[PDB]
Structures are given as structure tokens and as C-alpha cells.
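Note: hydrogens, waters and symmetry copies are ignored here, and every other heavy atom, side chains too, is used. Quick note on labels: first sequence line is chain A, next is B, and so on, each numbered from 1. Atoms within each ligand, like the ligands themselves, are counted from 1 in listed order.
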Amino acid sequence: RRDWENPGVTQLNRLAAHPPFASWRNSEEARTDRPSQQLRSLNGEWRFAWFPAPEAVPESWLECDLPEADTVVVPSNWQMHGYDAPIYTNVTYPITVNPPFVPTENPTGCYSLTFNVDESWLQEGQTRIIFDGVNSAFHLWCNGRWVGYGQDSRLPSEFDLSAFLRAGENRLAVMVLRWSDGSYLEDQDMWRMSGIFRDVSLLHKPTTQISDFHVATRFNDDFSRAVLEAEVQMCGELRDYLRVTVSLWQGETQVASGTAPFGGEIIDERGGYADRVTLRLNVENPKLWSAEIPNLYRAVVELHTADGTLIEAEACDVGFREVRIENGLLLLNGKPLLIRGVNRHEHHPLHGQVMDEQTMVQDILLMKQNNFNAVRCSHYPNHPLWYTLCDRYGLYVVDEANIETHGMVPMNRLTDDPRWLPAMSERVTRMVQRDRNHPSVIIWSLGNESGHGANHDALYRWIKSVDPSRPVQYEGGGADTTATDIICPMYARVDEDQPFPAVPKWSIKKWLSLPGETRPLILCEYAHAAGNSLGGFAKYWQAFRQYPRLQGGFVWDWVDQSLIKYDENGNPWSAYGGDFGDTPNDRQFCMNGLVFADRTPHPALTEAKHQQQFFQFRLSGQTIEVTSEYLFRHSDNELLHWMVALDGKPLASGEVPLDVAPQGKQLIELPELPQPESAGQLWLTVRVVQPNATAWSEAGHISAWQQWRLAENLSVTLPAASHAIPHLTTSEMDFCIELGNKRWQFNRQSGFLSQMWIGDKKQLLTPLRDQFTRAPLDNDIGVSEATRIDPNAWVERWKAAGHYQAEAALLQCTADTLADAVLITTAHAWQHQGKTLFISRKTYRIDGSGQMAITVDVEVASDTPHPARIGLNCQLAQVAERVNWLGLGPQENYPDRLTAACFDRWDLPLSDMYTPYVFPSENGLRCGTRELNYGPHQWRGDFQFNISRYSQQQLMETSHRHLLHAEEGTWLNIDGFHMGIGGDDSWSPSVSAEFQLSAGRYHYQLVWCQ
Amino acid sequence: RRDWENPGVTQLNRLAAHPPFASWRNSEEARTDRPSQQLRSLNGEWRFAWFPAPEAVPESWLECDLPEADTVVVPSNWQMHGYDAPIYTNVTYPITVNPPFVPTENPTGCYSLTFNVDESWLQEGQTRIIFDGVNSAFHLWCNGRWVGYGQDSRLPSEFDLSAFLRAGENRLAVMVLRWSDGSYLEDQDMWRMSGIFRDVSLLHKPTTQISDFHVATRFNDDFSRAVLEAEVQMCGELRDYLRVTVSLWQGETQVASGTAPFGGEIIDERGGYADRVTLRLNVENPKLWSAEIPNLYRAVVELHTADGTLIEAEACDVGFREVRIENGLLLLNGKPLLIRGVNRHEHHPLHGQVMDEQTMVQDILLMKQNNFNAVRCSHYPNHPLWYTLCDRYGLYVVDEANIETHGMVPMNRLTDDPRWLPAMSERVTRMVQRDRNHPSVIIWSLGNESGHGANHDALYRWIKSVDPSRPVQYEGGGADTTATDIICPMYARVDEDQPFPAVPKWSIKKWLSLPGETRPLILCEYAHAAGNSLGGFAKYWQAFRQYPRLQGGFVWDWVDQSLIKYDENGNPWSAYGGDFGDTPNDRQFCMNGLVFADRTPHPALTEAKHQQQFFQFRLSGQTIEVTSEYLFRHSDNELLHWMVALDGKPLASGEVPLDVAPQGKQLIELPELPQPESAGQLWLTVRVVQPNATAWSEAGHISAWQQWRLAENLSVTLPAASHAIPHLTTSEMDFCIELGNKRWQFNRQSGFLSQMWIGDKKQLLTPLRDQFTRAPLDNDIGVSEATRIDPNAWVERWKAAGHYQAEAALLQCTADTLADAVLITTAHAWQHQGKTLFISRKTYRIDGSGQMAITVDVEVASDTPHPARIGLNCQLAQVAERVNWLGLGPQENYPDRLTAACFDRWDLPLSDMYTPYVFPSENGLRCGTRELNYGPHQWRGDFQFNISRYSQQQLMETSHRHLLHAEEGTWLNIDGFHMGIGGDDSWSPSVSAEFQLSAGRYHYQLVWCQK
Ligand SMILES: [Mg+2]
Ligand SMILES: [Mg+2]
Ligand SMILES: [Mg+2]
Ligand SMILES: [Mg+2]
Ligand SMILES: [Mg+2]
Ligand SMILES: [Mg+2]
Ligand SMILES: [Mg+2]
Ligand code: NA
Ligand code: NA
Ligand code: NA
Ligand code: NA
Ligand code: NA
Ligand code: NA
Ligand code: NA
Ligand code: NA
């Protein structure tokens, strides 16, 4: 039958979908959500054998264990056990596009388990097996007899085993197919793996059972009153003595309870549902649920007899909240939401796509600690525990159907085909049937990148029809089709339009007011975080706050999809596309998260935390105005700390309790501050600290901050006349300056400072030379490749222009003696193909104080692509342990990504001045720096810098970070100017014009001293 | 795998649905819709063997013919060949409700056919087999190898046989299952049959082929300009030299043509459809399509190479028309429609559910000749030829998905279940993919009586998405759910609300204005035509014409679903539910059409024709105002004939040409009419006649008529004084009156006229007595049964009150002699259980002229259910050939169904005074009669009457018409008053209050004499 090559067959003998069940036989156990003896886990050690195709599986395997089989842990993806390679491809399908057929060579995983079944489970009732996740299709056998078939790797498939089990030892045999017609609907941009990767369990239900139940909550105009409506359905023989009691609890307090026999209201000419009943409970002043305050109630559903004998109980956490779109705004409990979200794939560097609670909690904590309040399940239903955690910790969730056909041409070839409507419908309907009672789910998504077909319109309407409590969204076909309640584009820019034919990405501000448009706009994906990215992130948030209908978006994405591989010495290193022999592959494109795979934060995470702050600030005189962006909570766990420092030197500080109502303001008057003595700039820094620990954070957690320049006193003091005068020694080949124990050497043919001595010790390993290029960031590269060059990408424009090959040609090199100093004047021209790209003119002034004043004036040809940077660089001979600087920090920051960094005196070990991006590139820069200290050296001015043991050259020629080797000494890059990093998307130039170095003429000055 | 017990498996290896293909290899042939050598019919003689279950089918049958098999004609329903019994059940499923399972005893029909295939068909291209209709599921094998599986009994299932055929002889084996999970979606109220009941054919297509094409027509504001857009899709190898040419023709004139290589516009981030192309053709002043004027163009789709080599051609008839709902009105080409429709099941008395062209054409002609302009495909996609005929003849069609789950509890149990969405979606989507190019289809329906489920909303939106050119309707769940663009109730009444819980049937006038309602209202079903029905039909039409948003409805229904059986002598008779041993069954409920199964009209058909007329008339003095209800055509084939007659006697007539624009008016002044001599009522009768023949009618066809009472001159002259005086003879037992050769005998014990003599010949077989009951009509009975009595049904109320068992108690009987006559006075009381139901007081005045004047005054207890009638009856000893009368006719007519009848002098053979309803009941009544002549008798007055060889008692005690036996003499029923027949529905009392005999006291008078 080859059911895995037929979209008309997505399952065989599979039981109906339903909300989480545990079949408690004790009401209190159900109320407290404790372990149920009726729900057994079958996770653990299983038997496994890999075959190249289903035709290769021996028939004997159905009856008994295969000798060649190994014992492995389940859940798991068999690629993580080394049976075959995981494949990383983005858009292009991993198999020949020939629906509904798949390769004859179809990796087949044969799982088997011998386990015990208690007679009490077969004595009566129903015993079913639940596979929460099998990738991508499978056939099931029990004790040698075929049971069923199932597809959709992201939703549970359940089968009744009652008639297949025997008391005692039993054996399950599961044949998992890597490829199936289901694979055509699972083209998500991620590692393509397979196997039983989610829990497997046995559930015992009585014959007369609760087969389904829906919980709804409607409110009055001010939410001061509510009605909890619970529809319950049963299976088994109907009896007049049967009853259903639904009770609501808040902690150990029973808020409400209602009982009724089965039999619903009349629905049509044939009557009503005799096997269903709806209970309605009134609730006064309900504690409302939100990401701000995740208030939860517990609903317990008991199926029992009139005399009071319990048959079974099921239950769920209830969050009282209303989600609705009105007058173009997405409202939660009547207030307009501002979505601080992120897309999160289920990925672990060691276990692949197998999720555990520890990792889920870790992700949620990091998200909330970084001011995120929402997550999108990109791009499939998540492990069931995820929703429980979001309900309790408090996060808004977009639950998304497991439907993505990105590799099709056109993208809607399958979704507009009625023959694929059945398969698609099951992926949407079974997701709704499973997750509809979770309060954290506030929006349903029809899937991802599948164009827009008639099947989308049909399923959109199906959802609106079965569950009007949640809006439905879908981005395919242009982000504003008839299949979405929310304009949800991916990578639409703030002010710039991208008028692509058929599916343009309008500026989000412009999109809102297009003729006839009235819907809210929330980006399903934005701020692509590939490596050194998130440039311009602040521009998005400024717009979200100014425009009511711009209600946020979900960053792409949370975690790098890197996997762990081991080298000869057994040491671990992060691998990406192609590192497993997988081909075709999309290499490093699987890594664009805010955090590394092990959950260590990328510098970009702090920029996100800062822009997503819930408190806004304004300064006027001695007054600080604090505004709360919270919609429901008062600031009952916040105190404001303030500090005033002169060039990093503290002068005053204090703390005031914050008491701001949601949406309110608080004025804080700062004490009269005494005017400082010494020259310098005064800086005011404020931060919001949470004194008390919470379920998601520790005491002392900093949730927001902001800085302001206060008074500044320019230095007018004249330095005392030097004690000594620098001496100039002119030779045919060099201009040497000597002062005390220091020496400076300028080569007259190259025109650069080739060496500096402190005593008899050389300070440089490479001369100080101008630098106009940077090791390309992911954003600079785009999709450009050797095999397929994208001449539009920044890196390609720089290469073609000769930026990376330009050679300095000396135009001038003179030496002059001044009253109290020596002056060296130079002029260089960088050319390529007889084309002058840049011209650098400098003066080096060394005085009796021993300080070297460097003035740099650069000219950049108007017709050459704007340079990545304009600075100087050199390899210092020494290696020091610490780096001290007065500027923006402490973390890496760039021109278009420096709002989170603060101006102050920072000191960190050298290693922290380098960011370990898996794919090496320019990194570790710090901007707005007025003073830098390293070893005996000090540089002063107004510059940007990065310092590390890796040259730009090595970073550019190395593909993986674990292949980098510390070079001799220390490479120093001091830029007068540096180009933005961009990030709106990672396949086209995204650096905004205001951050491009297009001025034509640039000037900067530095002072190098000891 | 028992695929027939799994709604998840509706097919296996079935090819995609698509518009009708023929794969012409010559363009001229495609243009003229001539037979294609590439489309072969496999209809004819097949081998067939019946089995009680699929498990009983021998494996040898796959490889070779079963010697036990018979040779039968295909298409056919095997029940019609007598292999097993056809079952008639309405709502209750014919199988135990246990979805998705069916009985293990599952009638299985094994069809096989040995046929030839030329090597030319196999050397190149693709050869597919096409099964237009298989009931209800089947597996297919070719030369012993399994090919595929398919469900949905009303749409074609196609399979690629290229890899299974060989040059020369080949054998197909088809195992058809009577029951399958598909049966759960096929609970339509009709005979449950099975088999390969629609055509089977073989189609050869080149490897590089046209796999689909959609035709659409858009217009400018005044419809003076249009654009034809044709999206063409191909399968096979794409080549730059491939081309598609779409040409449009109007007869032999080419209107437009366009050519283009494949490659559609950019659709999304991945590009566009390289395998598709859309051609756009401009058409100036297009001839618009409508039921009034079915103008059609022909679109020819040619797949060819750049060098000009034709690969293959497809085509379809194109009707330029726009269908849209705006401001609450359904518009066709910008004009508001008035749906004169009827529901039509595919039924044939001999062939069961197998349709043939002749029967289809016959139905269409009868429909248009009786002023119907629309048909609803109740309740499944029809035989493909149906749409072609509707396109060409001109009828608006509601195409309906094969989905009905009426028997479920609640009705939406399956339609609200997501697990059944797949199965339901295929029934809707494959219907749209097949019929979307037919101009006759103006509305899509999601099915029938399946409640309202989420699956309906999903499919409703799918259709709106894929085809915005047509509105979508569905009646389930209340007729006004979110799954319908049209309020389409079934049996909602005109003024009376029926507030049922959850699914109320509001008065249609009230429904339109409910708070927030804005949609048009068109009844998907109304005017249940069970037997003697359609009472109150005029009330719907008056409402349809006065309310803009009440745009008509579809009568239920076209034809009686009776089947032919043969008695011991080989004589054929009409059978219904239960006559085949089928049980449970819903007996005669399968017969509620406007025409008998053989297409003979029921009397009600003429009432429908009259009320659905396209011309309205008004009279003022000598001026007749003719208003046209046509929306597009001028009256270019109509002339008005007028006639003025005095009590049936023609005094003047003439004819005037009709020249009225659509929606226009024409004034016609009648010539100065000369005053008649004698007394009486002058009547004006006008009729619209079509001088020229049309595609649907013969020359002289009458399309409309109307009558008016003109001047009346009351007779004020007295009759000349008679010569003789009647003689009275009193005996203890009788009062005998004698005059010349006439004699009247009144029995003093009974109080009734027991006998009359003309010469020495007795005139009566049964005394002349009062009658207050009638043989119950279908509407009087409702759903009442002896095993399940419905106390609310009229028949039950009459029975319980004792109307049928009441005995006459003589209260008075006296004789008086007058100067010129004898006067007999009587009074009777009809009682039951000591209850006096009725009291009849009469006087008989026999004068010298031989005339007997009967004056009758009746009292009806206000607390007894209103009587079916109030009159007299008797069995005349004579049997005459003709029946002549001055009154309403010529056809059967009742109080609430007599608008179509005309007042005049009619003369028909006695036989035509009896209506052969399959289920016997009161029938043949003619109302407003002032004079009745039969044999030597003449009756005068103002009454209603029926006359036949069947007593009311026999009609009421006989179940089938073929069991009736002519009684001695002739039964005469003369009523002063008669209750309406009703018909708004047939399961609850539907006779309007104004047509119920509730006056309490009634009076009428008759004069009996010798003609
Ligand atoms: Mg499949
Ligand atoms: Mg994608
Ligand atoms: Mg700031
Ligand atoms: Mg099936
Ligand atoms: Mg042969
Ligand atoms: Mg029905
Ligand atoms: Mg009339
Ligand atoms: Na906003
Ligand atoms: Na990526
Ligand atoms: Na506080
Ligand atoms: Na690199
Ligand atoms: Na109307
Ligand atoms: Na019927
Ligand atoms: Na005319
Ligand atoms: Na009868």
C-alpha cells in the first residue's frame, strides 16, 4: 500500500485528538496535578536497528528482537546516535520534489520495546499508547500484530492496544520512515532529522470515559465578572445515573462547582448531543491572566455516578483572559498588547530536536529576564510541556500548525490544491483540539511559508468557527491575505519599502495605512539575528511605541541551530550545515539566534532586553519621569537606582522606591548635585532593580536602565612646559624620534610607524597602518557564494572595488622640528586597477611629554562602495591580561547597536573583548570610547575599537571558531568610524543609510602615550 | 483493509477531477462539439454476478469470467434487474447507524467486461477509464491486476490504465459495494439502489496534455463590454515551443482568439506556475446568457507547437453572465431574479436512477412549457449531460454537493466532526472542479439536511475562495447560518411562523426583516406536492412579486419516485415504499412530484404554470394593462388573444400583437363591445400565445392567461306558469311525488330521497344523503399511522371526533302541498357518543316544471374539528360517456388551488373527471360550478363537485390506484362548500384558516332537473 506516499492516508486506526489527559481516579490528585498511576511513561532504553529502506526490514523483526540491534535511549533522533547524518537545508527540500513520492532509499528506524502490562489494565477499561512525536511517519505492531499508522511529526498519535496486549510481557515494534508524503508539509528551515523524538506513554481510561472537554471564559465590560463554560463529551454506554461535575479552584479554595447529567440543548431538527453536557460557572472578580501576572485557576472535570462514585477525572490550568481585535487593535483583557516576542525552534546541541523540561525552563527564564513576553512556535506544535510552562510562567504564545512547503514552486502549489486539503486540515484541526484549553495560546497560526492557497482560507474559517476566542494569523502570500486577522510580515523594514512583485514587503508604518487596511500589524519574524547582528533594532521599537497599530513582533530567532561534533582529541566544537557530509546544505545559515546553542547569550541579547524595557524615562532639570508600559501590574517589585559620575568617577547616587500604576507616571526629583571640580562630562545612569526574587528571576535583577549626559566642563587648562624636547634623527630610510626611554621609527619608503621602543623592547609586530575593511559579518555576506556570487552583497561590492586588495602608495613623508616637538607628515593613496579608492593624510606630533598626537584626514572616492571602517590597526608585540576603557560597554556594541551599552569605566579580561561567533567575523568592537588602556599603552580621543589575539585576516579566512589560533601579540583595531552591522534580514544589504560611511571626507584624532 | 469502512480512505489511485474532456485531435470537431474518436463509450453488455458480501467473491473472478454470471446492460442499478430489493427510506438510514461501519452482509455486485484496445492507444499517450457514477463504492482491476478504489456515488472516478492494458482483448473487473462509509453522507430521501448507474468510458490523452482549464467572464458597468479569461493547465514535459490558443466563437463566426506560451505571472516568493497560462479575450457587445435567452459562445482550447502542430483540443459552451448579490438581491446581469424553480431527483420508473438524454430533454421541455426557469440538483451532482442541456435550453441551476446526513442525531454529528472533513471536502471540491465552466450553474450548494457543522463553514469559504463568480447556499442548521449567502429555508410559510427550537421556520416576509438580516430569501424547498396538493401556491407568488428580497423558491418536487412492478398477469403498476419487501420503509412518501413517474402531469402542474407566468395583467374599463416580468427579452414571439363570453357562449374575440419591453407595460383597449341579449355574467379571458415554435415549444403554445368578470345582468324574468301540478301520495313509509313521467320517493324512516324515476327507470343506486367527510388526501394524513397515530393530523381529528362513523338521526320529515308544487321538509342530526356534530335542515320543492329545488342549511358544532366538506352525495344508477359543466376547469381544482382554472363551458369524457393519484384520495373536484350535466340530469346552483366510478369509501380504503374497481353506476359528490387541500408541507396541518369550514352555519341550494 505504501501509505507513506499517499497524502490521502495520513493515519490508520488512530484515535481522535483531545486535550491533555491523565485519567486520574482521585479528584484531589487531579486538582493538584500530581502524577497519575493511569499514565505510564515508556521512555527509557529501547532496541533499535537502522535500515536503508522499509523493504530491507526482515519479517522476523515483527516477532522478536533482531540480534544486530542496539539498545538506545528514547526519545531521541537517530542521527544524534550516529546512525545516519542530519541534514541542514533551508528552503530546498532534502528530497527530489516529486509529490507524493519519496526516495526508494528511505532511512528506516526499527524501534522495539519489551515491557510489562499489569492485568488490572486489561481486566477492564481501555489501554492506549501515545507517541507524542514520531518523525516523520510510522507503522505500529503489538505482539506481532499490525495496529496502525500515523503522520505529522509534531502532534501525538494514539492507538487503542486493549485487544493487542496480554498480562505480563509484551513487545512493541515501531517502523519509523524518515521520508513520507508528510515531508512535503514539513520543509521548515532546520536540521532534518527523524525517529521517536518525543515521549511515548500508556494511558488507561475506563470504558465509560471523558473523551474531550473545552474550557471557555467570557466576561462583562469591565472584567469584574465572568462565566466559565465547560463542554464535556463522553464515550461508552450512556446511563441516566451518570454525572459530570466541573469545579473551579484558586489555590485550595473552591471558587465554584456545578453538576449535571449528560444531554445537551437541542441543536437541530434531529435533537441534541445526548453524549455531551455543558456546565456554566459564575465567577465574581476573577483574577485575570496575562504575561505580567499569570494568575491561574484549576478546573477539575469529574465523571461520576449519581450516588457519588468517581469514574475518572481530568483537569487543566485555567487562565481568565479575553483576546480580541477591536478597531484595528489586538487587545488582551481590554488593553492593547505590545508583543516583545521571539521565534523559538525546539533545538538542543546534543539531543537534536528532543526537548526536556530543564532546557525549556532555562529558555523561558532567559526570555523573561531579557524582557520578552511572547514566543512563536516556529513552525509546528511544541512538546506538550511547553504550553504548561508558558501558562504558569506567563508568556503569550502563537501556536502554529506543522505546515511548511517553502521548497515548492510556486510556494502555494500544494496549499492551493484541494487534494492536499485533507492532510493540511489534520495538521490544523488536531493542533486546535490539543491546545485549545491553554491560556498562554492567544493566537493560532496556519503554518509557515506555504504561499497562500484556497486550503488556507478554508482552514482559517474552520478555526474562526470552532474557536472564536483567538485570532488567526498566517504570513504566506503577502502577509495581509484573507487568511489572516493580523498583518504579520517577516522582515518588513521600518521606513524602507521592498516592492517585490506579488508579495511586496512594505515599510510597516506605510503598510498600516494602505487604502482600506485596518488590521493590527505584528511581525511574525524580524531582526534576523545571524551572528554580529540586530543593528537597527532600536528603530523597530521606536516605531512600535509611536504607532498604536504596530504591536510588536517576533525576533528571528532564539537559539543557534548548531550541533556538537568531536575532533580527534575528543574535544567538542559547534558544527553547522555540511559538517556531517550532508549535501546539498545551507552551511552557517542555521545559526541566527540571540543565544548560542548552549544558551550562552550573544551580545545582541542585551540590546533586545534594553529596547524591550517596560519602563520609559525622560529627564528635565532635576526631574526624572518614569512611565510604566505594563498594562495590568503596579510596580510592586521595583526600586530606581541613580548614579552620577564624572568620566566614570562616582560623585553621587541614591535609590527611590518605584510606585507607578500600569500606564502611569512617577516624577522623581534628584537632590541638588554639587558642581564637580575637574573638567569632564557628567553622566546620569538610572536602573530599575527588583529587590525580591520571582518565579523567573533572582533578587537584584536589573530590568531596565537609561543614561543622559548632564553638565559638561571643557578642559581649558594648559599643560606645564615639557622638561625635555624630542630629538629627530634623519636617515635615508627612516625618521627616528627619541625622548627619554622611548623611541619612534617611521619608515620613509612605506610612510608608516614601523616600530616603537620602550627601553630596548619593541612594542609592535606589525606597523601602524590605515584599515578600511573588516572581516565580513553574516549580514555583509548575505547569500553570496563562490559558486553563486551575489554582486549586490556588501562583501562582494567591497571585493570587486578592490577594498581587500588595495595597496598603500606613499605620496608624502616629511619630518619637521618644532620648538618643543617633532612633527611627521604623511600622505598615502590606496589604489586598485589604477583607481584611487582612499587617500589618508596624517600628522604625528610627539612632544616633550612623550605623547604622540595622531591626526587623520581621509578622502573616500564617491563612486567606490562605502567602506566597512576608517581607522588604523597594528599588531602589538605584548599580551596583557586586562583591557580597561572609558566608553560604551561592557559588552560588544556597534553604531547601529549600541543603545544598550552604557558610558562608563569598564575593565574586562582580554578574552571578553572577543565574541565567539561560530562563524568568525569582525567582532568585539566597543564604540564611543574616549580612553583605552592596555599594558603600558593608553589611547585617547573619540573612537571605536576591538582588541584580540585574532587578526581581521584570520577571522575572514576561518570558517569555524574552533579553528582559530591565537596569534603572537595582540591585534588592535582603532576606528575613527565604523559602518553599521545591519540585520533587518540576512540576504540583502540592510545597513541603514545613516550608518553607512558616505561622507566622503573623514577626520579623527588619537593620542598614544604611556 | 476494508477501505469501505474508513472515511479516511475515499479513493486510491484516482486521478484529479476536471471539466468534461474529449481530447479532440481536430479543432473543427472541438468547435462544433462533434464526437471524438479519443472518447470511447464502454456502455452496453457487461457480465454481472451478485454476491451477499465481498467475502463471498471468488478469487477466480479476477482472472476470468464466472460461468454463473449473467449478461446485463450497463449503466444500470442492479435492483432494477431484480438481483436484490431497492429500499425506500426517507430519514432513517437503511443501515444500522454505527459510523464508519456497514453491515457484514453487504450486497456486492461484480461487473466485468472484455473489450478491445488498439495498439495506437498504447504506443503513445495516456489511456484512462472513466466511471461517471458508481453506487456506492468500488475496487477496480484490469487484466487481473488491482488498479484503484473510489467513493462518492455522484461524481466521476477516473483511473489511469496505461500500464495495465495490452493491444487487443482486455478484461475489467469491478466489485461494487452497496454500503460503505460513503453511505453515511448519502442519506437523501430516495430509493436506495446501487451499481454502475452512469456511463463508463475510455479517454485517450497525449502525454503532454491539457489537464484543466477555467473559463470566466467579467463585464463593465452596463455589460456592453466583457473580458473572457481562460486559465489553462498542462501536464507532461514543458517545452519552449509549446503554445496554448483559446478562440471564441459565436456560431460560425470567430469573435476572438489569443495565443501564448506557458508561464503564468509571479504568484509568490518562489515564482509562478510554469505549467499554466491565462488568456484574456476582449468581447464588445457580448450576447448575454440567461434562462430567457440562452445565448452561447464556444471556447476552443488548443494545445499545440509553435510550428502549428495540434497536440490536442478541449472546449466548452460559454455563457456570458454575471451572478452577484448586491444590496440584498441576487442579480443576473444586473437584474433581480425571480426564481421559478423546482427540485429534481434523477428518477425513472423503469431504469431506476439511470438517466438518459430523452428523459432529460422531456423534463426540461415540460419545465419550460410550464414556466419554470430554474432547477435545484437535489441533492447531488447530476449526470453530466444535464448541465449541457440546461446551458443550451436555458435554466438556472443550483449544483449541490452529494452530502446528506439527515439520519444522524443530532443532524450535524458528522459535519461538525473534523475527522469527516476530508470526505466532505472531496464531495464539494470535485463538484466545483467538474462543473465550474457551465453557465447554467449560478449557485453552489453545500449539500442537504446535514445540520450545520464547522466543516460547512470551511467548505463554504473554500468555494468562495476558488470561485467568487457564484453565491454559495446551504439550508442546514436554520437556513440562515454563516454558511449561506442566501436565506434558503424549506417549507417556511408565507405569513405563519413556526418557532421550532434552535431551527425555527419564520414566515418568509418576517424572516427578511429580522434585526440585522440583509440577505435575499429563496426557498430551497416549498409547496410540497404530495398527491392532491399545492393548495395555497398563489399565496407564495403574490409574496414573491410584492417583496423584492423574496426571490422565489424551488418546488418539492418534480417527479413521483414510483417504480413499475408487474402483477400475476404481467400488467404494470406503480409501486412505492414497501412494495419490494423493503423494510423499514416510508411507503408513499416517495411520491410528491408535479408529474407522475412517466411524466404525465398531475393537475397541480397547471396551477404552477399559471402562478409562474411571465406576464401580469390589469383591467380598467376597456383597457387591458400587460406588464412584462421578463428581465432581458422583448415579447417578440407573443400575441394576445382575448375572448368575451356570456355563460360560456362566445360573443366576441380578437387578437392583438404584444410588443412589451422587459419590465415594461403595454396598454390594449378592447373594441366597443355590444351588449348581450339574455341575462347572465359576461367573462373576459385573455391568453398569451407564441405564434412561432421555439427549441422548447410548438407553435401556438399558451404561456399565460387571466380572466375577469365584466358586466352582469341578473335574470329578473319569471318562468311561464307550469301546465301540470305535482301529485303527493302519503304512505306510512314514504312521501311519493309524481309529475308526468317523473317520480320522487322520500323514505319517511330515513328522511332521504331514496329513489327517482324517469319513465320506469330508477335513477339512484344509493339514496341522496349529506356528506361531511372526504377520502383523506396526503396532506390530511401527514405522518400518521395505525402504529403511530398523529393526533394533530386532520384525518385523526376527524376520526377521533367521529366524523366518519356519525349516524344520521331523523328529527323531522313532513310533506306540504302548495298551489303549484309539493314541499318536503327534513332535519337530521349527526351524532357520535351522544355528541351532535352536525344538523342538516332541508326543503325540497318539486314544481310543475319538473324541477326539484333543494335548499340546505347546516349547523356545525363550533367545538368539533372543521369538516372536510358540506354537501350531498349519491350513487347514480347510470353511467354516461361525457360530463358537461359551466364552471371552473377544465382540470381538477380546489378552493385553495383554483387560480389556474377558468370559468367556461367544459366537456370531458367521464374518465378525465378522475385523477389517478397513485395513493387514492378525494380527487377530481371542480369548483365554482353553476351548471352540471350528466346523462339526463342537470344540476344548477353554485357548488363544487366530483363525479366518478369510485366511492369516497373505496378511495379511502384502497392503498394503490391499480387496486381500485369501478363501482356500479356513478358516484356524485356535490358540495356547497369544500375545505382547502393545503400543502405548505405534508407532516403538519397546512390548510390556511380562510380555507377551513369554520363558519358554524352554512347555506347552499341546488336545483335538480332533467336536461
Ligand atoms: Mg501518507
Ligand atoms: Mg522556510
Ligand atoms: Mg540610551
Ligand atoms: Mg472509505
Ligand atoms: Mg491478448
Ligand atoms: Mg432528507
Ligand atoms: Mg385569475
Ligand atoms: Na504600538
Ligand atoms: Na537562518
Ligand atoms: Na516597587
Ligand atoms: Na570567517
Ligand atoms: Na421578489
Ligand atoms: Na416525500
Ligand atoms: Na410579439
Ligand atoms: Na387511500
Side-chain angles (χ1 to χ4, degrees), chain A residues 1-12 14 54 99-102 106 134 136-139 148-153 157 176-177 179-186 325 327-332 335-341 414 419-420 422-424 426-427 486-487 494 508-509 511-512 519-523 540-553 611-612 614-616 626 628-631 633-641 655-664 666 668 687-692 694 699-701 703-704, chain B residues 6 8-13 422:
Chain A
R1 277 293 174 97
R2 300 185 79 73
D3 301 295
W4 61 93
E5 292 189 302
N6 179 10
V9 178
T10 56
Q11 63 69 35
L12 291 172
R14 189 160 68 184
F101 309 104
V102 302
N106 191 359
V134 182
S136 71
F138 69 106
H139 271 296
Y149 177 76
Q151 291 185 188
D152 184 346
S153 324
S157 280
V176 184
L177 294 167
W179 309 122
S180 69
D181 49 85
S183 304
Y184 282 107
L185 305 183
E186 310 184 339
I325 292 174
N327 204 31
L329 295 174
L330 173 66
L331 308 172
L332 180 81
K335 306 302 184 185
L337 288 177
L338 178 45
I339 303 295
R340 299 168 168 71
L414 302 183
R419 310 202 73 181
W420 284 81
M424 285 176 67
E426 266 181 37
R427 282 154 191 272
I486 303 171
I487 304 177
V494 181
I508 61 179
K509 297 177 182 182
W511 211 319
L512 287 177
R519 290 169 293 186
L521 190 157
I522 296 176
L523 298 125
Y540 273 101
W541 285 86
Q542 186 290 314
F544 296 160
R545 296 194 165 91
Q546 175 175 30
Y547 287 58
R549 281 173 56 220
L550 287 186
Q551 298 186 258
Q611 282 304 318
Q612 294 168 173
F614 297 82
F615 289 100
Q616 297 303 297
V626 182
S628 173
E629 286 192 304
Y630 280 109
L631 306 173
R633 67 178 295 274
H634 208 83
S635 62
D636 65 358
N637 188 25
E638 283 93 353
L639 78 72
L640 187 60
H641 283 306
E655 51 184 296
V656 181
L658 282 188
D659 180 41
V660 54
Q663 301 297 290
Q666 189 189 322
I668 297 175
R687 63 180 45 177
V688 177
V689 180
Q690 301 179 173
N692 308 309
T694 66
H701 174 72
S703 64
Chain B
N6 181 7
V9 176
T10 53
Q11 63 72 33
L12 293 169
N13 302 316

All side-chain contact (heavy atoms from CB on, under 4.5 Å) counterparts of A:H641, not counting sequence neighbours: A:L639, A:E655, A:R687, A:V689

Quiz item: cation-pi between A:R340 and A:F614, 6.0 Å / 45°: yes

The Na ion (ligand 10) contact by A:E638, N, O or S atom under 3.0 Å: yes

Counterpart residues, side-chain hydrogen bond (donor to acceptor under 3.5 Å, both in side chains), relative to B:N13 (two or more places apart): none

Reported OG-to-CZ distance for the pair A:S153 and A:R427, which is rounded to 0.5 angstrom: 6.5 Å

side-chain contact (heavy atoms from CB on, under 4.5 Å) involving A:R633 - partner list, sequence neighbours excluded: A:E292, A:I293, A:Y630, A:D636, A:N637, A:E638

Pair A:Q151, A:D181: side-chain N/O donor-acceptor within cut-off below 3.5 Å: yes

A:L658 backbone acceptor or donor facing A:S635 side chain under 3.5 Å: yes

Protein N, O or S atoms lying under 3.0 Å from the Na ion (ligand 8), listed by chain and number: A:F544 O, A:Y547 O, A:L550 O

The Mg ion (ligand 1) to nearest N/O/S of A:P100 below 2.8 Å: no

Residue A:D181 atom name (nearest to the Mg ion (ligand 1); N/O/S): OD2

Angle in degrees, rounded to 10°, that O of A:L658 and O of A:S635 form at the Na ion (ligand 10): 70°

A:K509, NZ atom: more than 12 neighbouring heavy atoms under 6.0 Å: yes

Metal site the Mg ion (ligand 1): N/O/S of A:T10 inside 2.8 Å: no

Three-point angle A:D3:O, the Mg ion (ligand 1), A:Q151:OE1, rounded to the nearest 10°: 100°

Geometric class of the A:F544/A:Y540 ring pair [parallel <30°, tilted 30-60°, perpendicular >60°]: tilted

